[PDB]
Amino acid sequence: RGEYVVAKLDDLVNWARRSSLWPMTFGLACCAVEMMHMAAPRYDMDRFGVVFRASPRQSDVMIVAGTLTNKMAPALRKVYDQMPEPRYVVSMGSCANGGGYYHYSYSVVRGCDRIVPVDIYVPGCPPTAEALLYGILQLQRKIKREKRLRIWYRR
Amino acid sequence: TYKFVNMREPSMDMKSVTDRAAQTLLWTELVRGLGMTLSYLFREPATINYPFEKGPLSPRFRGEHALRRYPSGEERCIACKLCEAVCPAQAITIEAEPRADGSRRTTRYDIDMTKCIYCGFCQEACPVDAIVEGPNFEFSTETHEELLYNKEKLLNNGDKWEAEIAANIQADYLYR
Amino acid sequence: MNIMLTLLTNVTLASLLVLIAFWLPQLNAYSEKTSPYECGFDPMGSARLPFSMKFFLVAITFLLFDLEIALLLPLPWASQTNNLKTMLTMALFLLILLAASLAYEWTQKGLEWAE
Amino acid sequence: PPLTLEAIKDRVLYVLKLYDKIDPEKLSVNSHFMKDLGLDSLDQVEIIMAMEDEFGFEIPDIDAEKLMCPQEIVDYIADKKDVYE
Amino acid sequence: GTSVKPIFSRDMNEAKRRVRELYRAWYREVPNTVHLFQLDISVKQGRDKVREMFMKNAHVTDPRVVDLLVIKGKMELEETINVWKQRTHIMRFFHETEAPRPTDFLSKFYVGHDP
Ligand SMILES: COC1=C(OC)C(=O)C(C/C=C(\C)CC/C=C(\C)CC/C=C(\C)CC/C=C(\C)CC/C=C(/C)CC/C=C(/C)CC/C=C(\C)CC/C=C(\C)CC/C=C(\C)CCC=C(C)C)=C(C)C1=O
Ligand code: SF4
Ligand code: SF4
Ligand code: SF4
């Protein structure tokens, strides 16, 4: 039946997307250091299929790791625009989540969500590299639960 | 006491210069560089098998905030507002009101995880060990609003991680 | 028979892969998405203005150097002649003149890049 | 061809007319901007700019404030390129 | 006491001269911003905004103040010239997303408790 065929196509495409999540080298602050430590041998992003890649044209997930300030927010929004779809935003740290320590400052965006649609909120100051890996795996399951071709079949 | 890190003049004996020319032509330190990486590939990798294998922690680890309670069942919090008055990020909001029994307990105890800095200052300030930073750190959420913790959510965390948090405090209270 | 059949196979396979790459993925395009990438912030505006290349001398003498290899390449068949003395003298003449050209460039700045 | 007070005057009147805040009928050779037309000094800035850009040469600020009415405008642009009737 | 150091100008006339040349630079610039920054507002729609910005602080009379805003406007021009401001930074001058605010007392009374 057509539903089974589109189901299997959904599983294949979602598996590819979740098993080759290519992130972006967009570290901003101390939350980037853990972003490096999970790339360090101990946790090693590489075994999970995730390999760092600059040039947003060839990346899927943006881990906004660090404080997002007013002077940088236009750059972050523009760079998010460069990403071809599908795209995902993982927010690392309290600063990139809702403001963190400098939530009441004059030149800090009170949450990265106000600029891009954040897909996964990873809490911490900074989050432990295990916690960030957990957030990435949660995003992976999110991609696994996508129903693109199913919705197309029931257009 | 100081040392000259790069103050070495190379010897100009015929043997020395022959060795330098051999290293230049027949790449020698380059071969050493290859050999080092060969030696480490043959070595054991350091990666752990997350999530089936977890990196080591300590009983002092700071994670998800949680409200504890006495063994009787009554909450430890008495709304003294030390944690709210000491939080560097002003992430705690407390509203108190005398309960029906008479004990002073928070009618609202909200901790904003999206604004928290996980310093642990609240758990030091608490005179009754009511608010603690639990061992949990894998509590990422898909939406922002789920990170704005209420009193009920914090009490649920306290009731859930109580087995771990009681042991962690038991193994660390003597240092404090 | 064989060589152009090959070449055709490669070019059609490549053009196909391009076609599936460009028609299947269901693209959604907007102006800021195709905006030029300049490490975030909007580019100053150029990408076609003159871009100075200081090895212009080096780049052009590459043309003469690569030209000489056309004279040089008949050697595998030139060795199998009955006049090895003349062939050896002429081959060494080419190589010595190339060495002289390279040395003249090296001494008279030449290979050194402009600033 | 060489051009004289006639061409300078007519180009001055033209590029003074394209201005919207200027009025078509109170516009005259004797129409001082402050007095007849009722403008601002900031408006005189683009009067003298509409002078310079179409007239080619730039006119500095040391002299721009002196030119306050179309005669002075035409006179100055006449003495610049040596117009002596 | 009543007499204090000057910044750049030594009278109101020189401060007005500096204001005049700053307006000169801005007025000459505006179409270059419209084209280079890929703005969608009309050229006049930026020149009148420059005029309005100049007219905003047209009430000041202390010379040193006038030199201070002359330097500040020069800095903003400097940012606008070498694409240091971006499209969003420039567009902030035209408060677009801001809903229009009321001026009569009756609407303010209807909308909230503010002066
Ligand atoms: C001082 O402060 C600092 C900060 O302070 C706040 C900072 O923030 C930052 C900034 C922060 C960062 C940069 C973050 C940290 C980043 C890192 C440490 C980087 C870590 C990187 C890694 C762990 C990964 C490195 C990568 C490696 C080792 C290898 C990569 C190589 C690859 C090959 C990857 C795979 C990619 C690709 C494209 C290959 C896959 C493609 C294929 C297999 C295609 C196959 C196709 C087919 C088979 C088709 C077959 C077709 C057939 C058969 C027929 C077709 C024909 C038809 C007709 C259809 C810095 C630097 C900083 O210093
Ligand atoms: S959330 Fe904490 S660790 Fe992350 S950038 Fe902000 S202050 Fe630094
Ligand atoms: S540990 Fe968290 S809740 Fe406690 S004071 Fe620090 S930031 Fe506030
Ligand atoms: S410091 Fe402890 S007892 Fe005091 S208000 Fe905070 S949680 Fe309650």
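When we count neighbours, we look across all protein chains shown, and the Cβ atoms used for this are built from the backbone with ideal geometry, even at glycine. We did not get these values from a lab; they are worked out from the coordinates using the rules stated.
Tabulated data
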item	result
Subset of the stretch B:148-176 [assigned to a loop (DSSP other than H, G, I, E, B), more than 19 Å from the chain's Cα centre (by Cα) and among the basic types (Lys, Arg)]	none
Residues within the stretch C:45-66 that are exposed (fewer than 12 other Cβ atoms within 10 Å of the Cβ) and in a loop (DSSP other than H, G, I, E, B), tallied	9
Residue under evaluation A:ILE63, criteria (1) more than 8 Å from chain B (Cβ to nearest Cβ); (2) surrounded by fewer than 22 Cβ atoms within 10 Å (Cβ to Cβ); (3) within 30 Å of A:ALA7 (Cα to Cα); (4) touching a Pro at 6+ places or on another chain (Cβ under 9 Å), criterion not met	(2)
Test result for A:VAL79, among the aliphatic types (A, V, I, L, M), within 13 Å of chain B (Cβ to nearest Cβ) and buried (at least 19 other Cβ atoms within 10 Å of the Cβ)	no
Hits in the stretch B:106-142 - residues which are under 30 Å from A:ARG141 (Cα atoms) and either more than 7 Å from chain A (Cβ to nearest Cβ) or assigned to a strand (DSSP E or B) (or both)	B:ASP110, B:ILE111, B:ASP112, B:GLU133, B:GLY134, B:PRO135, B:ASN136, B:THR141
Subset of the stretch E:14-37 [closer than 17 Å to E:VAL83 by Cα and either in contact with a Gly (Cβ under 7 Å, 6 or more places away or on another chain) or more than 9 Å from chain D (Cβ to nearest Cβ) (or both)]	E:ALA25, E:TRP26, E:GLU29, E:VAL30, E:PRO31, E:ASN32, E:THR33, E:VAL34, E:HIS35, E:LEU36, E:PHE37
Some residue of the stretch B:57-65 being exposed (fewer than 11 other Cβ atoms within 10 Å of the Cβ), under 18 Å from the mean Cα position of the chain (by Cα) and either part of a loop (DSSP other than H, G, I, E, B) or within 16 Å of ligand 2 (Cβ to nearest atom) (or both)	yes
Scan of the stretch B:78-102 for residues that are within 12 Å of ligand 4 (Cβ to nearest atom) and more than 14 Å from every other protein chain (Cβ to nearest Cβ), ordered by number	B:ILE78, B:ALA79, B:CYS80, B:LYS81, B:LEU82, B:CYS83, B:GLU84, B:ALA85, B:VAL86, B:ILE94, B:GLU95, B:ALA96
Candidate set from the stretch B:114-128 (those that are surrounded by 17 or more Cβ atoms within 10 Å (Cβ to Cβ) and more than 8 Å from ligand 3 (Cβ to nearest atom)); member that is farthest from A:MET92 (Cα to Cα)	B:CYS126
Any chance C:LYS85 is touching a residue at least 60 places away in the same chain (Cβ under 8 Å) and either assigned to a helix (DSSP H, G or I) or within 22 Å of the chain's Cα centre (by Cα) (or both)	no
Contacts under 7 angstrom Cβ, first residue in the stretch E:51-73 being under 25 Å from E:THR2 (Cβ atoms) and more than 14 Å from chain D (Cβ to nearest Cβ), partner among the charged types (D, E, K, R) and loosely packed, with under 14 Cβ neighbours inside 10 Å, 6 or more apart	E:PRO63/E:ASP11
Qualifying positions in the stretch C:78-106 - surrounded by 14 or more Cβ atoms within 10 Å (Cβ to Cβ), closer than 15 Å to C:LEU64 by Cβ and aliphatic (A, V, I, L, M)	C:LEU94, C:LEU98, C:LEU102
The stretch A:115-128 - residue that is surrounded by fewer than 23 Cβ atoms within 10 Å (Cβ to Cβ) and touching an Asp or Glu at 6+ places or on another chain (Cβ under 8 Å) and, of those, farthest from the other protein chains (Cβ to nearest Cβ)	A:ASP119
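The rows are residues; the columns are (1) surrounded by fewer than 21 Cβ atoms within 10 Å (Cβ to Cβ); (2) away from ligand 3 (no atom under 16 Å from the Cβ); (3) at negative phi.
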site: A:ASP11; (1), (2), (3): yes, yes, yes
site: A:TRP22; (1), (2), (3): yes, yes, yes
site: A:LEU28; (1), (2), (3): no, yes, yes
site: A:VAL33; (1), (2), (3): yes, yes, yes
site: A:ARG42; (1), (2), (3): yes, yes, yes
site: A:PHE48; (1), (2), (3): yes, yes, yes
site: A:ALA54; (1), (2), (3): yes, yes, yes
site: A:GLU85; (1), (2), (3): yes, yes, yes
site: A:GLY99; (1), (2), (3): no, no, no
